[PDB]
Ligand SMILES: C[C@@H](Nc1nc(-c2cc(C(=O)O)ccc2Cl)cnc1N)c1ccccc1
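Shown here is one chain on its own, the form solved without the named molecule, set out as structure tokens.
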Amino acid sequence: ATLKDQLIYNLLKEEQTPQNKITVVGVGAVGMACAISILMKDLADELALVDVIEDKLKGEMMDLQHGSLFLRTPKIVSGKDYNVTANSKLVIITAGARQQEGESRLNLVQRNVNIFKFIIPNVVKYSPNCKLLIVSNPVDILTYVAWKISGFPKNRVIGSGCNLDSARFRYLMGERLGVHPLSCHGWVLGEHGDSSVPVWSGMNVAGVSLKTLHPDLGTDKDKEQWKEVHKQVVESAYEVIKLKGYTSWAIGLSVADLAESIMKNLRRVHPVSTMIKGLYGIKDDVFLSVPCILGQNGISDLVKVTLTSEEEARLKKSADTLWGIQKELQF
């Protein structure tokens, strides 16, 4: 008789798979911010971490494990071998190079496409029925790449896209109006990057159109220069990188927001990277952000946002830029 069997009588001898497992690939600052945010939101019964830097991977895993008393995720594992990711409902990809001070996310394409050619087939091997949530940059291009490599249906390949750009826009609109961002509504669509599109025509508080109240909203003639709010959204990651070297907390919270809608099947609307072929006359297989209904099958529906002619032209410009990159990739 050991202490454990003196103390505990066992009824059930058998291993069951987890019901709500999430994997995070990449344990850099973005991956770990996604991991802690998901842990504190009680979204998973198992969290797996994967990376190729084996000591940092084990250290991050242990540091999370040591906080288990304070969490409700009873199993946290890690390994360089993708077998640790088996049976995941949601696999969040954050691995890859990140942009340095002043560098475009679009400058990361060659490196991160090559990294994805290794990661995605291994994720798909061990969790053939997962949803993929791509966070690595440039996220629109890499969501297309993950879709092409995985062979998944496009509903199950979701880019974090402009969920964060829209959150930043709502934060800045809240600061100008003195209203919590939850009650400030406004969308930034298109590329998660320099060509994103602020949809002035949809901005509102309590269903009151700000453009109807202020017809010059967003234009160069605007005495209040609201276009500067979108400029600040575009420049946000650059400013934060210049100041602290990288960004992590806001994208971790944005990714956890997306994970909550997926894992809890909420059917909330988020601007995420998806194929927009068939909207706005676009015929190319281009991925960028539009508002999507998110739940347990990933993206089940696209919202058809009415755009002004100027907003639509900007969105088509974003799509042209991204498709010019995406069309040249070779698999």
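C-alpha atoms forming the largest set that superposes within 1.5 Å between two forms make up the rigid core. Shifts are known only where both forms have a C-alpha. Just count from 1 along the sequence shown to find any residue number.
Taking the mean C-alpha B-factor of each stretch as recorded, 151-159 and 134-142 are not equal, and the higher mean is that of 151-159.
On average the C-alpha atoms of 222-230 have higher B-factors than those of the other stretch, with 250-258 and 222-230 being the two compared. Note on the listed residues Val272, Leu69, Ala44, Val305: the highest Cα temperature factor in the record is that of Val305. When the Cα B-factors of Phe116, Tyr126, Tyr171, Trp187 are read from the PDB record, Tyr126 comes out highest.
Ranked against the other modelled residues of its chain, the C-alpha B-factor of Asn297 as given in the entry falls in the highest third. Ranked by C-alpha B-factor against the other modelled residues of its chain, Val24 falls in the lowest third. Ranked by C-alpha B-factor against the other modelled residues of its chain, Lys283 falls in the highest third. When all modelled residues of the chain are sorted by CA temperature factor, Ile76 is found within the middle third. Ranked by C-alpha B-factor against the other modelled residues of its chain, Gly193 falls in the middle third.
Another form, the form deposited with the named molecule bound, is not on view; read the next lines as being about it.
Figure legend: unbound chain with the named molecule modelled from its position in the entry with it bound by local C-alpha superposition. Site blocked, with three or more ligand atoms within 2.4 Å of backbone or C-beta atoms. With the partner omitted here, the residue from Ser127, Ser261, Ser150, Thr247 that has a non-hydrogen atom within 4.5 angstroms of the named molecule in the entry with it bound is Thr247. In the entry with it bound, at least one heavy atom of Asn137 sits within 4.5 Å of a heavy atom of the named molecule. In the entry with it bound, the named molecule lies farther than 4.5 Å from every heavy atom of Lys89.
Contact annotation for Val30: at least one heavy atom lies within 4.5 Å of the named molecule in the entry with it bound. Contact between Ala256 and the named molecule in the entry with it bound is not found at the 4.5 Å heavy atom cutoff. Along 83-98, one residue reaches a heavy atom to within 4.5 Å of the named molecule in the entry with it bound: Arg98.
Aligning the rigid core between this form and the one not shown and inspecting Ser127, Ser195, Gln99, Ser201, the C-alpha positions shift by 2 Å or more at one residue, which is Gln99. Annotation: Cα of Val84 displaced by less than 2 Å between this form and the one not shown, core superposition. With the core superposed, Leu108 shows a C-alpha displacement of at least 2 Å between this form and the one not shown. Core-superposed difference between this form and the one not shown: segments of three or more residues with every CA shifted 2 Å or more are 97-114, 317-328.
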